[PDB]
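Scroll down for the structure; my scribbles are underneath it.
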Amino acid sequence: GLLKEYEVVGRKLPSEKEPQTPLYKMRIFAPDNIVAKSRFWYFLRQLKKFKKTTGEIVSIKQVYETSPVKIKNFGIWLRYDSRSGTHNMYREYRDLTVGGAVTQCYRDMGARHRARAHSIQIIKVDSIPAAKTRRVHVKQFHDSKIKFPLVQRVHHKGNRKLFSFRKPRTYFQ
Amino acid sequence: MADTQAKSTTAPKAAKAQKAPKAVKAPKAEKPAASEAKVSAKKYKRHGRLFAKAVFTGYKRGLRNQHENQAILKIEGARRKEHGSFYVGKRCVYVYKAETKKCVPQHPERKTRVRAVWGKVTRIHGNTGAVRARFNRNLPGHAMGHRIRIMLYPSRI
Amino acid sequence: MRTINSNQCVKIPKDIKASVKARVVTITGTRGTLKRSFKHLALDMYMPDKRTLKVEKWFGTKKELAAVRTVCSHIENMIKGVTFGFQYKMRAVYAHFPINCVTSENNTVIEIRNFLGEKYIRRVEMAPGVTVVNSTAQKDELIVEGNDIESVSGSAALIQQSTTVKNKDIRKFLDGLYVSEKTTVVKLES
Amino acid sequence: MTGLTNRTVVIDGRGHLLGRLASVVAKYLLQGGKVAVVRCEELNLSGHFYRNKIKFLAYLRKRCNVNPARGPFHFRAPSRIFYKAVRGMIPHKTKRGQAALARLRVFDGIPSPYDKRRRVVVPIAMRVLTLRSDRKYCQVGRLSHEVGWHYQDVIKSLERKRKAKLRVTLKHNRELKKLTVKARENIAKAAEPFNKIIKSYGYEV
Amino acid sequence: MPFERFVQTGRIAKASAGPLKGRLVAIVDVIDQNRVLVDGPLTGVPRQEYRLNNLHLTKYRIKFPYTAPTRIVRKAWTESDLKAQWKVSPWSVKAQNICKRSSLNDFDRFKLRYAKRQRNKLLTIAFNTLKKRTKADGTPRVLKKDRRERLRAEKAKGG
RNA sequence: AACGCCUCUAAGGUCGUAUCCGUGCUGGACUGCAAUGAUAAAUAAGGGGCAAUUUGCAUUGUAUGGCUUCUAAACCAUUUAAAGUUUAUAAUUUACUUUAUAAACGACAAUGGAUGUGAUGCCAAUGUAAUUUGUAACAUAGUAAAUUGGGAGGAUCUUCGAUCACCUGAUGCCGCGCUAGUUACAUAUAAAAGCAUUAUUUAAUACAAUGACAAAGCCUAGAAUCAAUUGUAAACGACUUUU
RNA sequence: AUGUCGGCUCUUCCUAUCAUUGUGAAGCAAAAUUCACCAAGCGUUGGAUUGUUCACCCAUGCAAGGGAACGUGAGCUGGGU
RNA sequence: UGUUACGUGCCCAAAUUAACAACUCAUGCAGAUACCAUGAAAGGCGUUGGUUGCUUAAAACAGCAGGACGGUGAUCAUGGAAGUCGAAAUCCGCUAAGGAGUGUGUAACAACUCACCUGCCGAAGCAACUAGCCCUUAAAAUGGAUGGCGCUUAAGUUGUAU
RNA sequence: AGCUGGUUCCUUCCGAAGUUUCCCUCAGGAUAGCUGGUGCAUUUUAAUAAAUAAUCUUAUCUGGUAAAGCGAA
RNA sequence: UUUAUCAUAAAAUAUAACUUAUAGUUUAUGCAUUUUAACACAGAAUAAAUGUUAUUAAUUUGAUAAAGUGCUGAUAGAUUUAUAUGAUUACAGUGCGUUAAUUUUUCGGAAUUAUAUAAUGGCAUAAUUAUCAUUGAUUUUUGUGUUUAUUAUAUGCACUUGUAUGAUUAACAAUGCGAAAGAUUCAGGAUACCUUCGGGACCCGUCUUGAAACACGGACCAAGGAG
């Protein structure tokens, strides 16, 4: 569930008589180098036949988030499978990570729709520049002059005393 | 940051006293330039020193396999796996009350109305600083929520 | 959605001072003294040192958001109750057999006799500081009046609920004391 | 009193959730911490007044038909409702569990010597901390009176009487506490046996 | 709004969870509800985003240019003399005290307790005539009133 | 309010069943518990009782190497998640209650053990101990030992409700203790053989309870049940009556 | 070798509520009944015939709802089988 | 003696996790691990996230105010219908806009309604779909069963980390 | 008596089948299969492979199910 | 990505003349002051605020792989009949008698450098052979030259409580005690059985697919009693 992004390429077997089968690639969200290949064939199958082990892997390579301190809005376009009911989504996530966005995605999808990690298909990734954010929740973050109340707290339990005689003390002023 | 951890980790060993290396600060705090390298923990409860106030409140069990040859011992001051790891090695004693004597001269002469069962502490049971203990006898389990007693002999430096 | 800020403003008149310790707001006007507890919701009162007080919501979904406007309107009802007063009016519809409403000062209960010539006397508990006045030049109108809006119209509702017309057509036996008007006692002009 | 640590922990049942408190207490009894729980009418259980009322009414439906006096004791009191919650969490069918129940004392409306005693908070049990905002909750003493607890009226008078003795002791305690701090502060600087130990401690007391 | 604590730009936060732990930090930018971009260059924590569940927010609010990279944060922090206010901060001195409540190699512990009994005598020994209660007394004397004037003045006396 | 609005509903709030649950009615926790009475045995005897006692001595727990403990004063009164703990000035109160101004621990890190919060301990002990320290000075802060009478108050399963306080007045005089600081003088324990000292792992002592041999120091002199008997009672015990 | 059916006797519950309580519907005007709800707390019977549950009739009462433990033969009866 | 499958509030060995993000608040089997000890068809402006199409700054969307007629009872069904039990049908005119008419219904006329365009509202909102949990549906019989206590920012449900 | 009931010490090691066929057979046998025991002959599958047995793969055959078809019989 | 720095867009976050309001207060329904998560990218300007191109920093940051590089704690085990009829052998330390030089301690000593032989890597050169494509690399094999490092051989004999010798537990030490018969003291034990604690244990025989069964025999015990 560990969200690492991987470039996988796969040609379809190698004959000397028979030249240079075409080279397809994908970006794959996987914790796993193996899951990177696993999803890669399944999505490759959807356009272009190519069953592993009439299938040639090629190279498995992990790709490098360009800006993990970078403060960006991503739109992901998503397909999920419901019980009687496969449908399409666009949702927008504000994350450090394209990796972090997807990880927050599988959790969010899982929750609301009952969203199966196996029942979810990714679709597409783009970084949203600039007011193309339909995103009512998202566009709240873009707002000049972003000060926001800290609402509530979170009470470590109890203490370094199991026995807290100094009463928490919901106050905080 | 793997390098930075390595540099940061030289510093507490330096302070200990010695082998004489690295300084690369660490706080013990005024410090001229450090709130840097962190406020303890902590995770407590007490005794400590003849005897950690200790509880025999269990045996090491399977769901319904009693397996008493090792016991679970909760050391009061040990919340954490780190703290209970201090106690890994220590000798334990359970001193308890008898109506009837038994034992005459070899060392002292105990009027054996006071009986002692002697044990050692072993490895760290708990996510929450309970520890395993082996005893030479083994503790009868009539000792449950009875206070058992852990002397800080054997302490390594 | 968990919208982080939604604010409402309640405009306070010059004659009235409203002093909030906690969520209990004690308002002192010209007609007197209204205390109501907003203590169940947990909402915020800010005086932007005006007479106007702003009541706000932070980090509360949709249900919480909707309840901020109940209080703004509720405090507006206290402000309107201490200058203007609240007044509710009730008709007493009988096709022949007169709904006879007796009592008053105030210390009323509300004794309903000869509805629908049923010997049964129903007596409907008078709620505290609501007063009832029988209306002059308006034939059998009972007016239920009090500073606190909830108490008054709830007192007016209880006398509606019993006369309930049992076992016989409510559409043809129009028979009942039904609330006709939701109104204010005093203000504006004249 | 004499314990592994304190043989009497007087616990304030105020703003504790009933099962959260019961479970942590059950552990403490097994550990040998011998606890007394006071103000179980001030004990809260989550889920609306009404929702709790119907849950609790479901057990009295349970009744041993042949001789119902063999049959389930539907314990009215909030102290006894707390007691049932703890007892179920303990293996009370064993003789070990009998010892553990004897370690436990449960009182509604804090009497005898427990009132000049400090009611300790268990912070896991705390309703205000654990329970989410805007969630309606029931108070156990309200629930108790519905299922037939006679003594709701009785305890409320006994609690008021207790609070009044507890008010006068507080008032004198606060007065005394002023006069103790001045009597340290005024002798402190005036030689050095208070300057030596306080400022060599220098922590933050 | 009385003012509860704002997740604001520059409201500061002393982040408990981290390799940062106990370092004082300032909120650069408000990310998402869960996170804030935080930079504390004078406490020497490098720039990172971190979760608002890892950090709990301070009283201290300094007019901050919100969106500042490390250099301008470091320039704005020593202009605020923020570190110096944070040493005055008596609850941070109390936070530096638990780094000292640690050990105080047991030698120093019985300093306290030997000498606490110096003060513990002197309390009971200062005690017992205001107004409040009553308060009193006209003894029964020659030692007892000369023990009360043995606070006060302290000549001639007993007995 | 959502849905500028509007609406029994989302939040909050009112009435409302032959229901339900109490009141009530019925068994009465076999011994779950309270209150109160007499508290024996009679003298050639002694017996019990206050025994919480007090002594030789014994038993047992505590602390177990003084003590390497411990604590029935004690962080409110709450709606409660902007909910909130307080101080002070100006008012206000029976109520950390109520009002305005200024701040403040702005559910941070803090805090949660101890402020041991009537500032405990493990102190007293100026050699702190399986001995106790004893004895001299200086100056500062400054300590107190005893008895009796009277007037009012308190008690929710609680270790003595024919008990324990508080206050006020009176009596005198054992001067019994003195402590902390600094400083003088002297010494037993301590040298526990052991170089591997933990191993069979203590007890002088301290505190709390219990004991009782012969003896000692105070107080007081029941009834139950069976027989016989009633009928209000009943198969028999038992119930209710009796001399 | 797990004592058929009914009827006599006796039990407790369940509703999918006919009556009664409190209620919402009605092409309910009144009267009356029908529908639906919370509800089994409380009723739901006396006979002719049948061995009969079932059935079919008669009479009253506002109303003569329906089911579960093939209930119930060291309880009966032994009538049908 | 060491480590796993299945689990981890406690019962009952074990993190009320020194992690985390949602969803759900359940009055009569809220829910609680494959087999499995049941739950649907069909509904829901409860709540939650999606999809698509709208009105519109020449002021919109809710909500009031205000017109809702005339060529012409145009007309056929006449049992009665001027707009309206029903229908062949159905276009002009006046126009800012008003259907030979969406209904309320007098048996008719008529009086009400909505479209259409306006005064205010001058910036939000409205419709049709998808599917999670919850709720409705979903009622049965000795008292009773996620195995129990109990659990509501879960100890549930989905996903994720030690 | 093909039926029912019972059958008398222990340990060690290996360890089934309810199927085939025929039978007035079908509550049972025989028979084959599964089971053990007894061993025997040789170990390049044996005592100080260029000989296989049987499972993948490969190479070389077969098939009318799933799917598809009905503008194919 | 980020630090440090340059140019451009550009200041869309903040700072910044100034414009406005509520309001405590002040002045006299309105003003002036100031405070206000109440105003306006509001002017020039500033921090390049963000984006883009360039340069970087002990080059970051993430991941993964690798070195007995160095090292600590704890846990359980430790057959040892090693001549019943089978091994005790191997290595290492230390001393012995080749020298020198430099350095450290500065005493005793210790290290490194100065040889021949063999192997190996690294440089250059050449041939083959396979390969990615030929700019250039990689592979297997072989030879040659140069220099350097590393490693092994040329290091025997004596002694040794040195390391292992393939289940290598003992140095070292304390304590009980075998104290004649007599008999103390220590350790150890689900004998019978009692106690105290946890956990587990349903009735055997049998037919049967399955038996604790609301299946059948068996009250209990002795002795006869069946491949």
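Chains as they are written, first to last, in UniProt numbering: chain A, 5 to 177; chain B, 1 to 157; chain C, 1 to 190; chain D, 1 to 205; chain E, 1 to 159.
No residue lacks a Cβ here, since even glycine has one placed at the ideal position from N, Cα and C.
Below 8 Å, too few C-beta pairs join the segment 70–78 of chain B and the segment 8–27 of chain C to call them touching: fewer than three. For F86 (chain C), the uninterrupted beta strand (DSSP E) segment begins and ends at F86 to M90. According to the DSSP assignment, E111 (chain C) belongs to the beta strand (DSSP E) that extends over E111 to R113. Contact with chain E is found for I150 (chain A), since one of that chain's Cβ atoms lies less than 7 Å from the residue's Cβ. The DSSP-derived three-state label of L17 (chain D) is strand. For the segment 16–33 of chain E, the beta-carbon criterion of a distance under 7 Å to any beta-carbon of chain B is satisfied by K21, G22, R23 and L24. The segment 167–180 of chain D makes no contact with the segment 77–97 of chain D: fewer than 3 CB pairs, one atom from each, lie closer than 8 Å. The segment 28–39 of chain D and the segment 95–107 of chain D touch, with no fewer than 3 CB-CB distances between them shorter than 8 Å. For the pair of segments examined, the segment 85–102 of chain B was found not to touch the segment 35–42 of chain B: the number of CB pairs separated by less than 8 Å stays below three. If you check the CB distance, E49 (chain E) and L100 (chain A) come in under 7 Å. When the beta-carbon positions are compared, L57 (chain E) and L154 (chain A) come within less than 7 Å of each other. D130 (chain A) is bridged by DSSP to A:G79.
As computed with DSSP, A116 (chain B) is found in a beta bridge with B:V95. Looking at the DSSP output, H91 (chain A) shares a beta bridge with A:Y84. According to DSSP, residue pairing for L53 (chain C) in a beta bridge involves C:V10. By the Cβ rule, the segment 126–146 of chain D counts as touching the segment 168–175 of chain A, because three or more pairs are nearer than 8 Å. For a cut-off of 8 Å, the C-beta gap from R43 (chain A) to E9 (chain A) is around 12 Å, too long to register as a contact. Note on geometry: alpha-carbon atoms of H117 (chain A) and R95 (chain A) lie some 13 Å from one another.
Judged by pairs of C-beta atoms under 8 Å, the segment 137–145 of chain D does not touch the segment 175–193 of chain D, as fewer than three such pairs exist. Contact annotation: the segment 160–167 of chain A touches the segment 110–127 of chain D, with at least three C-beta pairs closer than 8 Å. Secondary structure at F49 (chain D): helix, using DSSP grouped into helix, strand and coil. Going by beta carbons, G40 (chain E) and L24 (chain E) fall inside the 7 Å limit. For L143 (chain E), the closest of E:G158, E:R101 and E:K131 by C-alpha to C-alpha distance is E:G158. Contacts with chain A at 7 Å (Cβ-Cβ) include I4 (chain C). Measuring C-alpha to C-alpha distances from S151 (chain C) to each of C:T26, C:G85 and C:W58 identifies C:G85 as the nearest. A contact is defined here as three or more CB-CB pairs under 8 Å, and the segment 50–58 of chain C fails this definition with respect to the segment 116–130 of chain C. In terms of Cα proximity to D85 (chain A), the closest of A:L27, A:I75, A:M113 and A:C109 is A:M113. Rounded to the nearest whole angstrom, the C-alpha separation of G13 (chain D) and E4 (chain E) is 29 Å. Contacts with chain B at 7 Å (Cβ-Cβ) include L4 (chain D). By the criterion of a C-beta distance shorter than 6 Å, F194 (chain D) is surrounded in its chain by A188, once the five residues flanking it on both sides are discounted.
In this structure, DSSP gives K28 (chain B) a state outside helix and strand, which the three-state scheme calls coil.
In the DSSP annotation of this structure, the continuous segment of the alpha helix (DSSP H) that includes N120 (chain E) starts and ends at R109 to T124. As computed with DSSP, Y97 (chain A) is found in a beta bridge with A:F78. For the pair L45 (chain D) and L21 (chain D), the CB atoms are not nearer than the 7 Å cut-off. At a cut-off of 7 Å between beta-carbon atoms, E49 (chain E) makes contact with chain A.
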